[PDB]
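Data first, discussion second: the structure below is written as structure tokens.
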Amino acid sequence: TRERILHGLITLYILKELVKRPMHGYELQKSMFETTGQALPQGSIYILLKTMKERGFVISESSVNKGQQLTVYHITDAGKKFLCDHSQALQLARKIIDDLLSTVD
Amino acid sequence: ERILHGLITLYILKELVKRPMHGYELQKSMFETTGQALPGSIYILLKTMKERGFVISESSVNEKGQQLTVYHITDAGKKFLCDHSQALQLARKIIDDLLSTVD
Amino acid sequence: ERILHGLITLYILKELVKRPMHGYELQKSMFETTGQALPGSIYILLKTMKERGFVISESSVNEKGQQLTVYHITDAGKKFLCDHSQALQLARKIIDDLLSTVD
Amino acid sequence: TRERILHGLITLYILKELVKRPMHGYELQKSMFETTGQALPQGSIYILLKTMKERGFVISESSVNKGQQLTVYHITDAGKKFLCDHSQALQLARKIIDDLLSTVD
Ligand SMILES: [Cl-]
Ligand SMILES: [Cl-]
Ligand SMILES: [Cl-]
Ligand SMILES: [Cl-]
């Protein structure tokens with residue numbers, strides 16, 4: 001998440017998931033894992049979400065249960081626009097990545 | 001109450017088929033459905049269910065570094081729920097009778 | 001099954017409010033209502049109910065000089081049945097949910 | 001039941017009860033008891049019912065449970081006629097009984 005291209009892509013993935021329905025962080029973390037076979041480090045999902053909230057892409061809503069915080073994330077209309085805008089050149093991206101991949105262990 | 005205990009167990013199982021859930025969520029959805037609000041009762045039932053091999057749980061860290069629990073249905077649990085279809089149908093019949101005729 | 005056991009107990013109580021009955025009659029009326037036909041199960045439940053102070057029984061000689069048993073509800077039994085009204089309503093809600101959504 | 005006037009009256013009572021719904025013997029025995037405060041001797045109800053069946057006033061239907069006989073009695077149309085016929089002078093009967101009663105301990 002600490003690399004720009006990846007940070008961008010993960011943002012998009014989140015956004016796309018949230019279009020489906022609002023989600024907890026743990027759900028986003030799990031789906032991503034299941035989709036790609038790769039797990040984000042503990043707590044890292046929430047840092048990205050924080051950023052997205054700051055950016056205006058997501059709104060959070062928190063409950064408290066033992067006095068623990070249960071937060072669900074919601075995509076904004078702006079977040080939907082960003083997703084839309086930034087998903088237009090994904091085919092080209094994939095082609096480029098493939099090429100690059102042929103050069104990397 | 002034995003009747004409600006059984007029914008609530010099944011409701012939880014049905015919820016967990018949908019997707020894994022926190023306790024709090026189960027509690028909330030139930031009240032949505034029931035207008036009914038349960039006394040740590042939920043957690044107690046969940047423990048029993050885990051004892052029975054129907055549910056499993058794992059910890060998940062949250063935004064504040066707090067360890068939250070998420071519950072999952074097992075295959076055993078699924079079958080158990082599935083197995084109770086006819087029992088549910090019968091139960092419905094009895095309740096209808098009761099509600100219509102208790103005098 | 002805990003759910004059905006409770007429900008059948010209540011059904012019996014409701015029947016006995018109507019008038020005292022033989023076991024066989026309870027068995028028959030249930031199948032009418034349930035299309036459901038119980039395994040000496042009826043007698044077993046009735047014994048428990050008597051243990052609980054909900055039902056009493058007496059012997060009655062028949063046409064052949066055979067001693068038949070007739071079951072009666074007590075006041076305790078009546079209250080017990082009455083007391084379960086809200087539990088029944090809730091149960092109905094849960095069942096409806098289950099039946100509509102189990103997937 | 002071993003006295004004519006009483007045997008007649010009890011017959012009528014049975015008939016009247018059966019007009020309500022079919023009944024077991026034990027039910028007839030109980031209702032009578034509750035109504036009058038007086039209990040027929042054991043088994044005696046069934047002897048009277050036998051007679052009524054023979055007379056065409058009642059039809060019986062038996063089940064078996066432990067292999068015991070469970071019988072329900074049903075009034076016939078003839079039984080209903082007899083009831084009707086024989087219940088027309090009951091007021092006069094009551095007046096006479098009252099008078100008689102004034103002479104008996
Ligand atoms: Cl919005
Ligand atoms: Cl929780
Ligand atoms: Cl019986
Ligand atoms: Cl007839």
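Naming scheme: A, B, ... for chains in displayed order of the structure tokens; residues 1 onward per chain; ligands 1 onward as shown.
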Could you please select, counting only C-alpha atoms, the residues of chain B within 7 Å of chain A and state them as a ChimeraX atom specification?
/B:24,60-63,66
Any chance you could fit chain A onto chain D with least squares, all Cα atoms in order, and share the moved copy as a tab-separated table (two decimals) with N, CA and C atoms, in the first residue's frame?
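Saved to selection-v1.tsv:
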```
chain	number	residue	atom	x	y	z
A	1	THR	N	-81.30	-45.75	37.80
A	1	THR	CA	-81.60	-46.05	36.36
A	1	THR	C	-82.53	-47.23	36.28
A	2	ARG	N	-82.65	-47.84	37.47
A	2	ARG	CA	-83.38	-49.10	37.72
A	2	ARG	C	-84.81	-48.87	38.11
A	3	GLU	N	-85.17	-47.63	37.98
A	3	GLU	CA	-86.57	-47.13	38.23
A	3	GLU	C	-87.08	-46.41	37.03
A	4	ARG	N	-88.30	-46.73	36.66
A	4	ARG	CA	-88.83	-46.35	35.34
A	4	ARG	C	-88.84	-44.88	35.05
A	5	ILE	N	-89.31	-44.10	36.00
A	5	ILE	CA	-89.43	-42.65	35.71
A	5	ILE	C	-88.01	-42.07	35.48
A	6	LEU	N	-87.14	-42.48	36.35
A	6	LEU	CA	-85.73	-42.03	36.33
A	6	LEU	C	-85.05	-42.50	35.05
A	7	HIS	N	-85.34	-43.74	34.64
A	7	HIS	CA	-84.71	-44.29	33.45
A	7	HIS	C	-85.09	-43.47	32.23
A	8	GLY	N	-86.33	-43.04	32.24
A	8	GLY	CA	-86.87	-42.19	31.18
A	8	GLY	C	-86.24	-40.82	31.09
A	9	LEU	N	-86.09	-40.24	32.25
A	9	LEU	CA	-85.53	-38.89	32.37
A	9	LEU	C	-84.06	-38.86	31.99
A	10	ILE	N	-83.33	-39.87	32.46
A	10	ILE	CA	-81.88	-39.98	32.17
A	10	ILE	C	-81.67	-40.18	30.65
A	11	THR	N	-82.53	-40.98	30.04
A	11	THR	CA	-82.52	-41.17	28.61
A	11	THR	C	-82.60	-39.84	27.88
A	12	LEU	N	-83.55	-39.05	28.32
A	12	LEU	CA	-83.76	-37.73	27.77
A	12	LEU	C	-82.55	-36.83	27.94
A	13	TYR	N	-82.01	-36.86	29.13
A	13	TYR	CA	-80.79	-36.05	29.45
A	13	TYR	C	-79.64	-36.39	28.48
A	14	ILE	N	-79.45	-37.70	28.30
A	14	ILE	CA	-78.41	-38.19	27.37
A	14	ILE	C	-78.65	-37.66	26.00
A	15	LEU	N	-79.85	-37.88	25.54
A	15	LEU	CA	-80.24	-37.40	24.23
A	15	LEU	C	-79.99	-35.93	24.01
A	16	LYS	N	-80.34	-35.16	25.03
A	16	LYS	CA	-80.17	-33.71	24.96
A	16	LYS	C	-78.67	-33.28	24.87
A	17	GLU	N	-77.87	-34.01	25.61
A	17	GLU	CA	-76.39	-33.81	25.60
A	17	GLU	C	-75.81	-34.16	24.23
A	18	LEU	N	-76.29	-35.25	23.68
A	18	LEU	CA	-75.80	-35.70	22.41
A	18	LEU	C	-76.20	-34.80	21.26
A	19	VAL	N	-77.27	-34.08	21.44
A	19	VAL	CA	-77.68	-33.05	20.44
A	19	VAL	C	-76.60	-31.99	20.32
A	20	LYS	N	-75.91	-31.78	21.43
A	20	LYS	CA	-74.81	-30.79	21.43
A	20	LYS	C	-73.64	-31.24	20.58
A	21	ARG	N	-73.16	-32.43	20.90
A	21	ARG	CA	-72.09	-33.06	20.13
A	21	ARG	C	-71.99	-34.49	20.53
A	22	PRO	N	-71.40	-35.35	19.70
A	22	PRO	CA	-71.21	-36.74	20.14
A	22	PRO	C	-70.36	-36.78	21.38
A	23	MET	N	-70.57	-37.77	22.23
A	23	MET	CA	-69.86	-37.84	23.50
A	23	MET	C	-69.45	-39.24	23.84
A	24	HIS	N	-68.39	-39.33	24.62
A	24	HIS	CA	-68.02	-40.59	25.28
A	24	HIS	C	-68.88	-40.77	26.49
A	25	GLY	N	-68.95	-41.98	26.94
A	25	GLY	CA	-69.68	-42.29	28.12
A	25	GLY	C	-69.20	-41.55	29.33
A	26	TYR	N	-67.90	-41.36	29.40
A	26	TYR	CA	-67.34	-40.75	30.58
A	26	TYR	C	-67.76	-39.29	30.66
A	27	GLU	N	-67.97	-38.70	29.52
A	27	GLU	CA	-68.39	-37.32	29.46
A	27	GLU	C	-69.84	-37.17	29.90
A	28	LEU	N	-70.67	-38.09	29.47
A	28	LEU	CA	-72.09	-38.09	29.85
A	28	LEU	C	-72.24	-38.28	31.34
A	29	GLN	N	-71.41	-39.16	31.86
A	29	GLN	CA	-71.43	-39.49	33.28
A	29	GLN	C	-71.05	-38.27	34.11
A	30	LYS	N	-70.03	-37.55	33.63
A	30	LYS	CA	-69.49	-36.37	34.32
A	30	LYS	C	-70.46	-35.22	34.30
A	31	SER	N	-71.03	-34.98	33.13
A	31	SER	CA	-71.96	-33.82	32.96
A	31	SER	C	-73.20	-33.98	33.82
A	32	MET	N	-73.62	-35.21	33.90
A	32	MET	CA	-74.83	-35.51	34.62
A	32	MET	C	-74.60	-35.24	36.08
A	33	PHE	N	-73.38	-35.55	36.43
A	33	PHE	CA	-72.95	-35.51	37.85
A	33	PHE	C	-72.90	-34.08	38.26
A	34	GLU	N	-72.32	-33.32	37.39
A	34	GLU	CA	-72.09	-31.90	37.60
A	34	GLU	C	-73.39	-31.11	37.59
A	35	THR	N	-74.33	-31.64	36.84
A	35	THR	CA	-75.62	-30.93	36.64
A	35	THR	C	-76.56	-31.13	37.79
A	36	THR	N	-76.52	-32.33	38.31
A	36	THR	CA	-77.48	-32.77	39.34
A	36	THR	C	-76.92	-32.94	40.75
A	37	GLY	N	-75.63	-33.21	40.79
A	37	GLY	CA	-74.84	-33.41	42.04
A	37	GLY	C	-74.79	-34.85	42.49
A	38	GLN	N	-75.33	-35.65	41.61
A	38	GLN	CA	-75.52	-37.10	41.81
A	38	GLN	C	-74.76	-37.91	40.71
A	39	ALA	N	-74.00	-38.90	41.14
A	39	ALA	CA	-73.19	-39.82	40.24
A	39	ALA	C	-73.79	-41.22	39.99
A	40	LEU	N	-73.97	-41.57	38.72
A	40	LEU	CA	-74.49	-42.92	38.36
A	40	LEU	C	-73.46	-43.96	38.78
A	41	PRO	N	-73.90	-45.17	39.20
A	41	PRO	CA	-72.87	-46.17	39.57
A	41	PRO	C	-72.02	-46.58	38.37
A	42	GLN	N	-70.79	-46.95	38.69
A	42	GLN	CA	-69.80	-47.39	37.67
A	42	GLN	C	-70.42	-48.38	36.71
A	43	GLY	N	-70.24	-48.01	35.46
A	43	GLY	CA	-70.56	-48.86	34.33
A	43	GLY	C	-71.98	-48.71	33.89
A	44	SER	N	-72.75	-48.09	34.75
A	44	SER	CA	-74.24	-48.02	34.52
A	44	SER	C	-74.70	-47.20	33.31
A	45	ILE	N	-73.94	-46.15	33.10
A	45	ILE	CA	-74.12	-45.31	31.89
A	45	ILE	C	-74.09	-46.13	30.60
A	46	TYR	N	-73.22	-47.12	30.59
A	46	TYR	CA	-73.02	-47.85	29.36
A	46	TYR	C	-74.17	-48.80	29.12
A	47	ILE	N	-74.75	-49.25	30.23
A	47	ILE	CA	-75.92	-50.17	30.10
A	47	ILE	C	-77.10	-49.42	29.47
A	48	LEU	N	-77.31	-48.24	29.97
A	48	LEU	CA	-78.38	-47.37	29.40
A	48	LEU	C	-78.16	-47.03	27.93
A	49	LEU	N	-76.91	-46.80	27.60
A	49	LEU	CA	-76.52	-46.45	26.22
A	49	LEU	C	-76.75	-47.60	25.34
A	50	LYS	N	-76.49	-48.78	25.91
A	50	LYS	CA	-76.71	-50.04	25.12
A	50	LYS	C	-78.14	-50.12	24.71
A	51	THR	N	-78.99	-49.87	25.70
A	51	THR	CA	-80.43	-49.89	25.46
A	51	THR	C	-80.85	-48.89	24.41
A	52	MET	N	-80.26	-47.71	24.53
A	52	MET	CA	-80.61	-46.65	23.58
A	52	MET	C	-80.20	-46.98	22.16
A	53	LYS	N	-79.08	-47.69	22.06
A	53	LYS	CA	-78.58	-48.14	20.76
A	53	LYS	C	-79.55	-49.16	20.19
A	54	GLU	N	-79.99	-50.04	21.07
A	54	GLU	CA	-80.90	-51.11	20.63
A	54	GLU	C	-82.22	-50.59	20.09
A	55	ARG	N	-82.61	-49.51	20.71
A	55	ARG	CA	-83.84	-48.73	20.47
A	55	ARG	C	-83.80	-47.86	19.25
A	56	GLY	N	-82.60	-47.65	18.76
A	56	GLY	CA	-82.38	-46.90	17.55
A	56	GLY	C	-82.16	-45.44	17.77
A	57	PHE	N	-81.92	-45.04	19.02
A	57	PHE	CA	-81.78	-43.63	19.39
A	57	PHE	C	-80.36	-43.08	19.25
A	58	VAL	N	-79.41	-43.98	19.26
A	58	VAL	CA	-78.02	-43.67	19.30
A	58	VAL	C	-77.27	-44.66	18.43
A	59	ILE	N	-76.20	-44.22	17.79
A	59	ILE	CA	-75.23	-45.06	17.12
A	59	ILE	C	-73.86	-44.94	17.79
A	60	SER	N	-73.17	-46.05	17.98
A	60	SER	CA	-71.84	-45.94	18.57
A	60	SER	C	-70.77	-46.12	17.52
A	61	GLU	N	-69.65	-45.50	17.76
A	61	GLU	CA	-68.44	-45.67	16.91
A	61	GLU	C	-67.28	-45.90	17.82
A	62	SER	N	-66.63	-47.02	17.63
A	62	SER	CA	-65.47	-47.41	18.48
A	62	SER	C	-64.12	-47.38	17.76
A	63	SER	N	-63.16	-46.89	18.52
A	63	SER	CA	-61.73	-46.96	18.19
A	63	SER	C	-61.11	-47.87	19.19
A	64	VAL	N	-59.90	-48.24	18.88
A	64	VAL	CA	-59.01	-48.92	19.83
A	64	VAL	C	-57.69	-48.16	19.89
A	65	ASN	N	-57.24	-47.91	21.10
A	65	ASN	CA	-55.98	-47.22	21.36
A	65	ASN	C	-54.75	-48.16	21.28
A	66	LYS	N	-53.22	-49.70	23.44
A	66	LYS	CA	-53.15	-50.74	24.46
A	66	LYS	C	-54.26	-51.73	24.24
A	67	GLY	N	-55.07	-51.40	23.26
A	67	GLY	CA	-56.08	-52.35	22.75
A	67	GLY	C	-57.37	-52.22	23.55
A	68	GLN	N	-57.48	-51.05	24.10
A	68	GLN	CA	-58.69	-50.66	24.79
A	68	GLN	C	-59.62	-49.96	23.84
A	69	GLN	N	-60.89	-50.08	24.17
A	69	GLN	CA	-62.03	-49.60	23.36
A	69	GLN	C	-62.40	-48.23	23.79
A	70	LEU	N	-62.38	-47.35	22.81
A	70	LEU	CA	-62.81	-45.96	22.95
A	70	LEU	C	-63.98	-45.72	22.01
A	71	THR	N	-65.11	-45.51	22.66
A	71	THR	CA	-66.42	-45.38	22.00
A	71	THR	C	-67.01	-44.01	22.18
A	72	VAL	N	-67.50	-43.49	21.09
A	72	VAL	CA	-68.19	-42.21	21.06
A	72	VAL	C	-69.63	-42.56	20.56
A	73	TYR	N	-70.56	-41.91	21.22
A	73	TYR	CA	-72.01	-42.05	20.95
A	73	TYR	C	-72.55	-40.85	20.23
A	74	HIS	N	-73.39	-41.15	19.27
A	74	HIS	CA	-74.01	-40.20	18.37
A	74	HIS	C	-75.52	-40.37	18.42
A	75	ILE	N	-76.21	-39.27	18.55
A	75	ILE	CA	-77.72	-39.27	18.43
A	75	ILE	C	-78.15	-39.45	16.98
A	76	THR	N	-79.14	-40.29	16.83
A	76	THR	CA	-79.81	-40.47	15.52
A	76	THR	C	-80.94	-39.49	15.35
A	77	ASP	N	-81.45	-39.47	14.13
A	77	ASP	CA	-82.59	-38.57	13.84
A	77	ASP	C	-83.82	-38.99	14.62
A	78	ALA	N	-83.89	-40.29	14.83
A	78	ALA	CA	-84.97	-40.93	15.62
A	78	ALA	C	-84.88	-40.58	17.08
A	79	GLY	N	-83.66	-40.56	17.54
A	79	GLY	CA	-83.32	-40.16	18.91
A	79	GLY	C	-83.69	-38.71	19.15
A	80	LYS	N	-83.48	-37.89	18.14
A	80	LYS	CA	-83.89	-36.47	18.22
A	80	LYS	C	-85.40	-36.28	18.27
A	81	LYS	N	-86.10	-37.09	17.49
A	81	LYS	CA	-87.58	-37.13	17.48
A	81	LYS	C	-88.15	-37.55	18.85
A	82	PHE	N	-87.57	-38.58	19.41
A	82	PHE	CA	-88.01	-39.11	20.68
A	82	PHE	C	-87.84	-38.04	21.75
A	83	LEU	N	-86.71	-37.35	21.70
A	83	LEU	CA	-86.40	-36.29	22.66
A	83	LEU	C	-87.47	-35.20	22.59
A	84	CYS	N	-87.74	-34.83	21.37
A	84	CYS	CA	-88.72	-33.79	21.04
A	84	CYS	C	-90.10	-34.18	21.54
A	85	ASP	N	-90.45	-35.40	21.28
A	85	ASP	CA	-91.79	-35.93	21.62
A	85	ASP	C	-92.06	-35.97	23.10
A	86	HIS	N	-91.01	-36.32	23.81
A	86	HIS	CA	-91.08	-36.64	25.22
A	86	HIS	C	-90.66	-35.55	26.12
A	87	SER	N	-90.57	-34.37	25.56
A	87	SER	CA	-90.09	-33.22	26.37
A	87	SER	C	-91.12	-32.12	26.42
A	88	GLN	N	-92.25	-32.47	25.87
A	88	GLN	CA	-93.40	-31.57	25.80
A	88	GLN	C	-94.23	-31.35	27.06
A	89	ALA	N	-94.13	-32.26	28.01
A	89	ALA	CA	-94.93	-32.22	29.28
A	89	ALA	C	-94.08	-32.14	30.51
A	90	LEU	N	-92.91	-31.61	30.28
A	90	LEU	CA	-91.91	-31.53	31.38
A	90	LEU	C	-92.27	-30.54	32.46
A	91	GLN	N	-92.93	-29.48	32.09
A	91	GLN	CA	-93.39	-28.54	33.09
A	91	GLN	C	-94.38	-29.13	34.07
A	92	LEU	N	-95.30	-29.89	33.52
A	92	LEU	CA	-96.34	-30.55	34.29
A	92	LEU	C	-95.63	-31.57	35.20
A	93	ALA	N	-94.70	-32.29	34.58
A	93	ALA	CA	-93.93	-33.27	35.36
A	93	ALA	C	-93.29	-32.68	36.61
A	94	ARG	N	-92.68	-31.51	36.44
A	94	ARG	CA	-91.95	-30.81	37.48
A	94	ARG	C	-92.90	-30.41	38.61
A	95	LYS	N	-94.06	-29.94	38.21
A	95	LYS	CA	-95.13	-29.58	39.18
A	95	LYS	C	-95.61	-30.73	40.04
A	96	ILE	N	-95.75	-31.84	39.38
A	96	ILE	CA	-96.12	-33.08	40.06
A	96	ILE	C	-95.05	-33.57	40.97
A	97	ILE	N	-93.82	-33.53	40.53
A	97	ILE	CA	-92.69	-33.96	41.36
A	97	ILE	C	-92.56	-33.08	42.59
A	98	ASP	N	-92.73	-31.81	42.37
A	98	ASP	CA	-92.64	-30.89	43.50
A	98	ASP	C	-93.64	-31.27	44.59
A	99	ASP	N	-94.84	-31.54	44.14
A	99	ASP	CA	-95.92	-31.92	45.05
A	99	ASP	C	-95.54	-33.19	45.77
A	100	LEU	N	-95.12	-34.14	44.99
A	100	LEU	CA	-94.78	-35.40	45.59
A	100	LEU	C	-93.67	-35.20	46.64
A	101	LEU	N	-92.72	-34.37	46.28
A	101	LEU	CA	-91.49	-34.19	47.11
A	101	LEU	C	-91.84	-33.75	48.49
A	102	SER	N	-93.00	-33.12	48.59
A	102	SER	CA	-93.45	-32.47	49.86
A	102	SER	C	-93.93	-33.50	50.87
A	103	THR	N	-93.97	-34.70	50.35
A	103	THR	CA	-94.45	-35.90	51.08
A	103	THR	C	-93.40	-36.96	51.45
A	104	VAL	N	-92.17	-36.67	51.08
A	104	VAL	CA	-91.04	-37.61	51.12
A	104	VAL	C	-89.83	-37.04	51.83
A	105	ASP	N	-89.20	-37.90	52.63
A	105	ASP	CA	-87.95	-37.52	53.31
A	105	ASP	C	-86.77	-37.95	52.42
```
Pick out the residues no farther than 7 Å from ligand 2, counting only C-alpha atoms and all ligand atoms, and list them as an MDAnalysis selection string.
(chainID A and resid 65) or (chainID B and resid 22:25 68:69)
Those same residues, written as an mmCIF file, in the first residue's frame with N, CA, C and O atoms?
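Saved as part-v3.cif:
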```cif
data_model
loop_
_atom_site.group_PDB
_atom_site.id
_atom_site.type_symbol
_atom_site.label_atom_id
_atom_site.label_comp_id
_atom_site.auth_asym_id
_atom_site.auth_seq_id
_atom_site.Cartn_x
_atom_site.Cartn_y
_atom_site.Cartn_z
ATOM 1 N N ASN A 65 -20.012 -1.582 20.650
ATOM 2 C CA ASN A 65 -20.621 -2.787 21.203
ATOM 3 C C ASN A 65 -20.668 -2.785 22.754
ATOM 4 O O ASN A 65 -20.053 -1.932 23.416
ATOM 5 N N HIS B 22 -20.128 -10.083 13.260
ATOM 6 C CA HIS B 22 -19.825 -9.812 14.676
ATOM 7 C C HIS B 22 -21.087 -10.110 15.476
ATOM 8 O O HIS B 22 -22.177 -10.022 14.991
ATOM 9 N N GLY B 23 -20.908 -10.355 16.748
ATOM 10 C CA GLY B 23 -22.029 -10.557 17.715
ATOM 11 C C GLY B 23 -23.080 -9.498 17.717
ATOM 12 O O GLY B 23 -24.294 -9.749 17.666
ATOM 13 N N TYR B 24 -22.537 -8.308 17.647
ATOM 14 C CA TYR B 24 -23.310 -7.040 17.758
ATOM 15 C C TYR B 24 -24.237 -6.954 16.595
ATOM 16 O O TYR B 24 -25.376 -6.490 16.691
ATOM 17 N N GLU B 25 -23.730 -7.415 15.455
ATOM 18 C CA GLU B 25 -24.525 -7.404 14.244
ATOM 19 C C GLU B 25 -25.669 -8.353 14.302
ATOM 20 O O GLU B 25 -26.750 -8.056 13.796
ATOM 21 N N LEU B 68 -11.501 -7.571 17.884
ATOM 22 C CA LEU B 68 -12.934 -7.852 17.674
ATOM 23 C C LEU B 68 -13.055 -9.325 17.289
ATOM 24 O O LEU B 68 -12.111 -9.903 16.769
ATOM 25 N N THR B 69 -14.212 -9.914 17.557
ATOM 26 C CA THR B 69 -14.469 -11.290 17.136
ATOM 27 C C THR B 69 -15.456 -11.353 15.989
ATOM 28 O O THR B 69 -16.499 -10.667 15.982
#
```
Compute the chain B side of the contact with chain C at 6 Å, counting only C-alpha atoms, and hand it back as an MDAnalysis selection string.
chainID B and resid 2:3 6
Hey, can you check how far CA of residue 20 (chain C) sits from CA of residue 40 (chain C)?
18.7 Å
Would you mind writing down, as a ChimeraX atom specification, each residue of chain A that DSSP on the backbone assigns to strand (DSSP E or B)?
/A:23-24,58-64,69-75
Just write the chosen residues, N, CA and C atoms, as a short mmCIF file (atom, residue, chain, number, x, y, z; two decimals), in the first residue's frame.
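Result written to selection_33.cif:
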```cif
data_model
loop_
_atom_site.label_atom_id
_atom_site.label_comp_id
_atom_site.auth_asym_id
_atom_site.auth_seq_id
_atom_site.Cartn_x
_atom_site.Cartn_y
_atom_site.Cartn_z
N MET A 23 -19.28 -1.75 3.88
CA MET A 23 -18.51 -2.85 4.45
C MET A 23 -17.70 -2.42 5.63
N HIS A 24 -17.43 -3.38 6.49
CA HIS A 24 -16.42 -3.20 7.55
C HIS A 24 -15.06 -3.42 6.95
N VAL A 58 -15.25 8.27 0.89
CA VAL A 58 -15.88 7.35 1.79
C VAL A 58 -16.34 8.12 3.02
N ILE A 59 -17.46 7.71 3.59
CA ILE A 59 -17.93 8.16 4.89
C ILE A 59 -17.97 6.99 5.87
N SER A 60 -17.52 7.19 7.09
CA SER A 60 -17.60 6.09 8.06
C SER A 60 -18.73 6.32 9.04
N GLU A 61 -19.27 5.24 9.52
CA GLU A 61 -20.29 5.26 10.60
C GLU A 61 -19.89 4.26 11.62
N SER A 62 -19.71 4.73 12.83
CA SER A 62 -19.28 3.85 13.96
C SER A 62 -20.36 3.61 15.02
N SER A 63 -20.36 2.36 15.45
CA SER A 63 -21.11 1.89 16.63
C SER A 63 -20.10 1.52 17.65
N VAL A 64 -20.61 1.32 18.83
CA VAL A 64 -19.85 0.71 19.93
C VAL A 64 -20.68 -0.46 20.49
N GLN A 69 -15.17 -0.35 19.06
CA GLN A 69 -15.63 0.44 17.88
C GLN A 69 -15.84 -0.47 16.74
N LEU A 70 -17.06 -0.41 16.23
CA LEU A 70 -17.49 -1.12 15.02
C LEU A 70 -17.91 -0.10 13.99
N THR A 71 -17.10 -0.07 12.95
CA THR A 71 -17.19 0.92 11.87
C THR A 71 -17.52 0.27 10.55
N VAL A 72 -18.45 0.88 9.87
CA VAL A 72 -18.85 0.47 8.54
C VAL A 72 -18.54 1.71 7.64
N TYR A 73 -18.01 1.38 6.48
CA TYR A 73 -17.61 2.35 5.44
C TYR A 73 -18.58 2.34 4.29
N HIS A 74 -18.87 3.54 3.85
CA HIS A 74 -19.82 3.84 2.80
C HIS A 74 -19.14 4.66 1.72
N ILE A 75 -19.34 4.26 0.49
CA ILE A 75 -18.88 5.09 -0.68
C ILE A 75 -19.77 6.31 -0.87
#
```
What residues in chain A get the DSSP label alpha helix (DSSP H)? Please answer as a ChimeraX atom specification.
/A:4-20,25-36,44-54,77-85,90-101
Please provide as a list in words all residues within 7 Å of residue 76 (chain C), with the sequence filter that same-chain residues fewer than 2 positions apart are discarded (counting only C-alpha atoms).
residues 53, 54, 74, 78, 79 and 80 of chain C
Between CA of residue 70 (chain C) and CA of residue 83 (chain C), what is the distance, to one decimal in Å?
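So the two atoms, CA of residue 70 (chain C) and CA of residue 83 (chain C), lie 24.6 Å apart.
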May I ask for the distance between CA of residue 42 (chain C) and CA of residue 28 (chain C), given in Å to one decimal place?
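Spanning CA of residue 42 (chain C) to CA of residue 28 (chain C) is a straight-line distance of 10.5 Å.
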Contacts of residue 56 (chain C) at 10 Å or less, counting only C-alpha atoms, minus same-chain residues fewer than 6 places along, as JSON, numbers by chain?
{"C": [20, 46, 47, 49, 50, 70, 71, 72, 73, 74, 77]}
